[PDB]
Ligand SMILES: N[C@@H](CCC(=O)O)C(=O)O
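Next up is one chain by itself, shown in structure tokens, the form deposited without ligand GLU.
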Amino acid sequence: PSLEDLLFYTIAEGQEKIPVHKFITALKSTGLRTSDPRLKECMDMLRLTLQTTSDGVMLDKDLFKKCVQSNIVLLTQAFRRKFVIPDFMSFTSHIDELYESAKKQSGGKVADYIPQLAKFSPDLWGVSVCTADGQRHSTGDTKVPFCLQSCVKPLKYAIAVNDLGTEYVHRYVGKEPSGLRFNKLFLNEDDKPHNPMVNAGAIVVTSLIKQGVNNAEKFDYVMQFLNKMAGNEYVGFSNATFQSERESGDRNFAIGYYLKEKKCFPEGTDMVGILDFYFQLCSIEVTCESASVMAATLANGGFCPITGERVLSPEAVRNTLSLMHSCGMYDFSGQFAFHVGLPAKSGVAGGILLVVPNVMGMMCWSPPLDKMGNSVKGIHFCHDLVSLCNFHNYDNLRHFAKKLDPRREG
């Protein structure tokens, strides 16, 4: 027997030669993108073959073997329906149905405190999925850039804990939700910020990363880190958003001097420079598609699912998911964890970074926020997703009533 050959028979279906487009179509229906970085060798060999043998686009067993051999393990997992969601085409038709239903929730107000979020349409709406195996689906406006805003807070906390360790980080920042109306206090009773998901805690965490290097390199270093998280998909930067947040962030300067006074930063911190860095991190741009891969790295124990790259330690990913669970959705965190039961993080640009641990990462984006700061269409979507599927942190994988389990077959 031979593994390149058994797959050949699986697809050849008693026929002699495989039309190459027939191979591509079977590949895509698994959820894999033909541009998947782990498939470069296979696609490079196929494109070359349609040059070298420009008569009739047929693969025999000998030719099939040489094209798929380098990436054979992944292709068998895809074709032997071993991915986390085996019937991916079924699942995405549900995602599309939830997407369309959320689309009808036309309420909410686009954040307009700087002229740059004001220029976004209320009608922009996109959802992107990347599973722990790299299966991809997008619907709506998933290639429109927008800033991460507070959706960067879990990412940079994950980075700090990865590089510095649990102990160090949490000498400077707490690990609990504050209390449904301690939203106005910057510090807990230990004179630490409550958690990394509130502005004061993120500001403290911004001040822990890559100490002793200047702001240009600190930024470069985080960007390089986010690029790996996103499997090298779009990660960008809005200088415009940066200028407007720095010229209008009185509240963040208030946090900054308060934290300095109460000595909350590591020694030798230049607070106002740290505030500058913080404004930059919030103006990093993503798309729905690229950001979904970042959340999938967090769903996948810190390995980027579309590259196989270890990005973050398991410790960083667990802490981040733990604090996204209780602290990630502003004053709605407690209601969200109860009804949705998934780690998620919202930002004022209307994004929600969603993690279904061991299954998939998602980014939903609709700019209109509700009175709590959370995107109306996104929130509506994340209730539906958990109401349809047994993805709630405390659903049971064996007894789950009328809910759907996309990880399973029949």
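For every residue, the number given is its place in the sequence shown, counted from 1.
Only in words, not in the display: the form deposited with ligand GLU bound, which the text now covers.
The closest non-hydrogen atom of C282 lies within 4.5 Å of ligand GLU in the bound PDB entry. None of the heavy atoms of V359 is located within 4.5 Å of ligand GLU in the bound PDB entry. At least one heavy atom of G347 is located within 4.5 Å of ligand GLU in the bound PDB entry. Using a 4.5 angstroms limit between non-hydrogen atoms, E289 is distant from ligand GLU in the bound PDB entry. For the candidate set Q149, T307, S207, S238, a heavy atom within 4.5 Å of ligand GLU in the bound PDB entry is found for exactly one residue, namely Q149. The single contact residue among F83, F91, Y99, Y278, judged by any heavy atom lying within 4.5 Å of ligand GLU in the bound PDB entry, is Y278. Stretch-level contact check against ligand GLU in the bound PDB entry with heavy atoms at 4.5 Å: of 265 to 273, 149 to 157, 221 to 229, 122 to 130, the positive one is 149 to 157. Within 4.5 Å of ligand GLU in the bound PDB entry, a heavy atom is found for every one of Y113, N199 and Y330. If you take 232 to 267 and check each residue for a heavy atom within 4.5 Å of ligand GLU in the bound PDB entry, you get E245, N252, in sequence order.
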